[PDB]
Structures are given as C-alpha cells and as structure tokens.
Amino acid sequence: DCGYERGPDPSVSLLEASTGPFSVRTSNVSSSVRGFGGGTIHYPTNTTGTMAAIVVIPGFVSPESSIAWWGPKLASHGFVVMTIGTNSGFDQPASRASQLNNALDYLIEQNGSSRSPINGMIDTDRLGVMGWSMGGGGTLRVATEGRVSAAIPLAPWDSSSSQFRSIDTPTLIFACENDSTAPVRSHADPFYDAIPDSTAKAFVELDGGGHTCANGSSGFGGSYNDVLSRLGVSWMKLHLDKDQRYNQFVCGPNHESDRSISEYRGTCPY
C-alpha cells in the first residue's frame, strides 16, 4: 500500500541467491566520521526510487569486517546498507546504540549530500538497524526508540533485558545456538522474550552456531548464509519496505524444519 516495493515478486531462490537483484557499489566512510568509526555504504546501482537505509554495527573489539557480509547482501536486495566500525572496540552496547543512531543520522545526512552516491536514494523515514553481539545489544536499544522500522540483532549481547520491553520495532533476533560469548540463555533468549508479543518479532536460533553464526560469510563458514539472507532480507523487505511479498518467508515456513535453525520463535502474523 505504501509503494516502497522494489524488485520482483520474491522466491526462496531469489532470497538465497549470492546477491539480490541489484548490483552493488560501495562508498567509503572514513573513520573520521563523527559519531562512529567509519564504514562502508553499500548501495544498489540499478534500482529506481528511494529505499530504506540500514546500518550494521559490529560487537566488542570487532571491526566492520565482522558484519560486512550484510552490506552487499542487503544492498543487493534494494537497500542502502552502511556497515560500520565503532569509535572503540571497547564500546559497550549503549555506546553502540548511540553510534547506530549516529550512523543512521549519517545516512540521512549523506542522503542529502551532493558528494554522496546515495544522495537522494534513501527514504530517511525507513531505517533498519542490525548489529552483532554488543552491536546487537545496541541494535535492540535502538529498536526501543521508535525511529527504526526494523531491527536485526545478530547474536546480541547486552547487560539487561527489561529495557527491551520498549521494543515496538519489528525485531528479528538471530541467535547462535552454541554462542558462548553472548549465550542465548542470558542474551538472545531474554532479549527476545522481553519484547512485547504485540511487536512483530522473531527469534531464529542458528543450529550449532557459534557467536559469529549470524554475521554471514563469503568464504569459509557460509553455512548460515541461506537462512540469514532468506530471513534477514525478508525481514528488512517486510518491515522497512512494507513489502508483504516477503511476508511468506518470515511468517508461514516451519523455520525449525530448516536444518540450520535449531529454534524459531515469533509473533506471526505481523
């Protein structure tokens, strides 16, 4: 109804393809950028119209590289995706939340900058956040604030869960079953549980996943890319683009029948 739909009527095959329908380019953000540690703006080059913006933030002492897989992946599906680094690897979730916000602000700024290749490409109303570990805690925190329209914490790490009762943002938590850094039992699980059941939410625990299981990979350890692409892209399509054509990949499937998904929870329908 909102007219943000882009690209073909999707298919699992489209979602699990190495890249989405759009060619992607990258634009550097120096670490001199205010409010975060720089990053890479990934954007599609053969789309029309404006598109939602997504910031993907790493976890503790982790560089952008840790979550960079998500940039081209999501951008290829019709999003401006800035994978970023943090001011310090030591940044805690609250700081990462602030930097997520700063990075979102930055994409909004760059959307209006003649020097940016995404100038005029972003519907700045339509903002998604993603983040690994402490960055996933930051993501969940940003998901409480009412600006972003989708949040995908990746193996989130945070220090308390009750703050996330304020999440009305559609939040898909990728959990890593065997996460020993942000153990599901003390992080992804209570964070997910804290989110109101009225919130569009999903808990996708990746079978056998260690702490990096939801970061994607382009070389070794790519075994979760299908579910990450399928659910993550659809999540962002569904909630950032209001693209109901992607609903069926997040609400409908028996996710746990996926060999890569050890546990699924969600509040379907959305």
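When you see a residue number, it is the position in the sequence shown, counting from 1.
As listed in the deposited structure, the average C-alpha B-factor of 1-9 and of 260-268 is greater for 1-9. Two stretches are in play, 75-83 and 90-98, and the higher mean C-alpha B-factor belongs to 90-98. Among 110, 139, 162, 171, the highest C-alpha B-factor recorded in the PDB entry belongs to 162.
Per the PDB record, residue ranking by Cα B-factor puts residue 49 in the highest third of the chain. Looking at the C-alpha B-factors along this chain, the one for residue 251 belongs to the lowest third.
Ranked against the other modelled residues of its chain, the C-alpha B-factor of residue 27 as given in the entry falls in the lowest third. Among all modelled residues in this chain, the alpha-carbon of residue 38 has a temperature factor (C-alpha) in the middle third. Residue 238 sits in the lowest third of its chain by CA B factor, as recorded in the PDB entry.
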